[PDB]
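Contents: one structure, followed by commentary.
Residue numbers (the authors' numbering), protein chains in the order written: chain C, 729 to 776; chain B, 292 to 340.
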């Protein structure tokens, strides 16, 4: 019924503790923001 | 960065905040100071001698 709720941060996972790397991640736009909303919706549906 | 309420508008890209829980960011504690630990300075080659 319930599946393990996992929210992965694409800011830390892609670039560990790096600001300049994060600047390169911002070049890809919402890919980070979109992948977070997908795992967030999973965590909400598992609660539903 | 003014208020946590305003962080919701910037994450959702909307000036209207609907009722509910929203994750607007992920906090991370930055390092306070740099730690340097190196091996003993002995076992040199005696250039001074």
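A virtual CB, placed ideally from N, CA and C, is assigned to each residue, including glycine.
According to DSSP, is residue 760 (chain C) helix, strand or coil?
Helix at residue 760 (chain C).
Taking residue 768 (chain C) as the query, report the chain B residues whose CB atoms sit under 7 Å from its CB, ordered along the chain.
Here the neighbours are 314.
What are the residues in the region 729–754 of chain C lying within 9 Å of chain B by C-beta distance?
Of all residues in the region 729–754 of chain C, only 735, 737, 739, 740 and 745 place a beta-carbon less than 9 Å from a beta-carbon of chain B.
Taking the alpha carbon of residue 322 (chain B) as the point to measure from, which residue in C:753, C:746, C:739 and C:738 has its own alpha carbon closest?
Of the candidates C:753, C:746, C:739 and C:738, the one whose C-alpha sits nearest the C-alpha of residue 322 (chain B) is C:746.
Can you name the start and end residues of the alpha helix (DSSP H) that residue 741 (chain C) belongs to?
That run of the alpha helix (DSSP H) goes 738–742.
At what residues does the alpha helix (DSSP H) containing residue 295 (chain B) begin and finish?
Boundaries of the alpha helix (DSSP H) harbouring residue 295 (chain B): 295–303, taken from the DSSP string.
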